[PDB]
Amino acid sequence: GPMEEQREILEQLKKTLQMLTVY
Amino acid sequence: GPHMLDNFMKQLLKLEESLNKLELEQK
Amino acid sequence: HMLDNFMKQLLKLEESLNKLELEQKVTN
């Protein structure tokens, strides 16, 4: 359902966060 | 970098939009 | 740190999703 899709998106954004840097 | 940051910020706004729809339905 | 707002928003969104997930697990 849409909720489970959002969980996946959220988990992908957590991965992307780990790569993010301001340097 | 800046492009990744921009996309991330936009995806965040979309995520908040999406969660709001689910929250309003549940409430 | 410069990423702080984004991280906080992500944590808050997960907090909200956890609440929806727990509600559904019961509701079924």
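Residues numbered from 1 in each chain as written, not as in the entry; some residues may be left out. Chains lettered and ligands numbered in written order. Heavy atoms only, no water.

This deposited entry lists X-ray crystallography as its structure determination method and 1.91 Å as its resolution.

**Remarks on the interface of chain C and chain A**
Across the boundary between the two partners, chain C contributes 11 residues, which contact 11 residues of chain A. Both sides of the chain C and chain A interface together cover about 1000 Å² of buried area, and 72% of this is carbon and sulfur. Looking at the side of chain C facing chain A, the largest losses of area belong to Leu3, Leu10 and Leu17 of chain C, adding up to 46% of the total buried there. The tally of links from chain C across to chain A stands at three salt bridges. Notably, a salt bridge pairs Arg7 of chain A with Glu14 of chain C, separated by 2.9 Å at the nearest N-O pair. Taken together, chain C and chain A are joined by five residue pairs in polar contact. Tallied by class, residues from the side of chain C that touches chain A come to seven nonpolar, two polar and two charged. (Contact = heavy atoms within 4.5 Å. Buried area = accessible area lost by both parts, 1.4 Å probe. Salt bridge = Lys/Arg side-chain N within 4 Å of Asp/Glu carboxyl O. Polar contact = N/O pair within 3.5 Å; in protein donor to acceptor, adjacent residues only side chain to side chain. Nonpolar A, V, L, I, M, F, W, Y, C, P; charged D, E, K, R; others polar.)

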